[PDB]
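Novice: Mind looking over this structure? Questions follow.
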Amino acid sequence: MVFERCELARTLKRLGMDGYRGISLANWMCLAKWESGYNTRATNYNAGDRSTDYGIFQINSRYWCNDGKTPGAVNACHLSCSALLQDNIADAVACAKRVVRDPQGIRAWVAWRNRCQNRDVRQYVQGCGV
């Protein structure tokens, strides 16, 4: 499913993402926007290393979820990558929480550095009532 901006904002807040490990809700919104365009079924194969990015946060199969065809992969979130393709984003959120628990935090996603870091991200949550 493709979330509408404010609908996603309110959903993320309810799931406890606001301020998680120091990360504001607007940053998570900026991340989802640039990673998948708020689309839970988005998948992206990386031909260069044989890994695939799954879901709304484009979480990688090499470290976070298991899809069985990625070489030398671990499953830190202890989930099938299929779980990251559901309309219900509860599992994707729990895995994103795990990702940022590592030292890099939100910087783990390069797109965040490119389009969110040091920017005015207020626009992603404006008018959503969160």
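Novice: Tell me, which residue of segment 1-52 that is touching a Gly at 6+ places or on another chain (Cβ under 8 Å), of a type in the set (A, V, I, L, M) and free of Cβ contacts under 8 Å to residues at least 40 places away in the same chain is surrounded by the most Cβ atoms within 10 Å (Cβ to Cβ)?
Specialist: 42
Novice: Just to be sure before I move on: is residue 115 more than 14 Å from residue 54 (Cα to Cα) and out of contact with any helix residue (DSSP H, G or I) (no Cβ under 6 Å at 6 or more places or on another chain) in the structure I sent?
Specialist: Judged against the criteria, residue 115 is not a match.
Novice: OK, next. Condition first: in a loop (DSSP other than H, G, I, E, B) and closer than 12 Å to residue 59 by Cα. Now tell me which residues in segment 96-130 satisfy that.
Specialist: 109
Novice: Report yes if residue 125 is buried (at least 18 other Cβ atoms within 10 Å of the Cβ), touching a residue at least 40 places away in the same chain (Cβ under 8 Å) and under 25 Å from residue 45 (Cβ atoms), otherwise no.
Specialist: Taking the combined requirement at face value, the residue does not satisfy it.
Novice: Also, I was wondering about something else. Just to be sure I understand the filter: pairs with C-beta atoms under 9 Å, separated by 6 or more residues or on different chains, first member in segment 81-109 and free of Cβ contacts under 8 Å to residues at least 40 places away in the same chain and under 14 Å from residue 3 (Cα atoms), second member among the aliphatic types (A, V, I, L, M) and assigned to a helix (DSSP H, G or I). Which pairs pass?
Specialist: Every condition considered, no pair remains.
Novice: Filter segment 18-34 down to residues that are under 11 Å from the mean Cα position of the chain (by Cα) and under 16 Å from residue 91 (Cβ atoms), then give me how many there are.
Specialist: Number satisfying all stated conditions: 2.
Novice: Say we look at segment 52-100 and pick out the residues that are under 13 Å from the mean Cα position of the chain (by Cα) and of a type in the set (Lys, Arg); which of these is nearest to residue 27 (Cα to Cα)?
Specialist: Checking each candidate, the answer is 97.
Novice: Could you say whether any residue in segment 24-34 is part of a helix (DSSP H, G or I), touching a strand residue (DSSP E or B) at 6+ places or on another chain (Cβ under 9 Å) and over 12 Å from residue 96 (Cα atoms)?
Specialist: no
Novice: Turning to a different aspect of this structure: Can you give me the number of residues within segment 63-95 that are surrounded by fewer than 19 Cβ atoms within 10 Å (Cβ to Cβ), part of a helix (DSSP H, G or I) and in contact with a strand residue (DSSP E or B) (Cβ under 7 Å, 6 or more places away or on another chain)?
Specialist: Total meeting the criteria: 1.
Novice: Evaluate the following for residue 60: is it surrounded by fewer than 16 Cβ atoms within 10 Å (Cβ to Cβ), more than 20 Å from residue 18 (Cα to Cα) and either free of Cβ contacts under 8 Å to residues at least 60 places away in the same chain or aliphatic (A, V, I, L, M) (or both)?
Specialist: Considered against the rule, which asks whether it is surrounded by fewer than 16 Cβ atoms within 10 Å (Cβ to Cβ), more than 20 Å from residue 18 (Cα to Cα) and either free of Cβ contacts under 8 Å to residues at least 60 places away in the same chain or aliphatic (A, V, I, L, M) (or both), residue 60 comes out as no.
Novice: Considering only segment 1-23, state which residues are farther than 16 Å from residue 84 by Cβ, among the hydrophobic types (A, V, I, L, M, F, W, C) and outside any helix (DSSP H, G or I).
Specialist: Scanning segment 1-23 gives a single hit, 23.
Here Cβ is always computed from backbone atoms with ideal geometry, including for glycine, and neighbour counts include all displayed protein chains. Since every read-out is calculated from the coordinates, none of them should be taken as a lab result.
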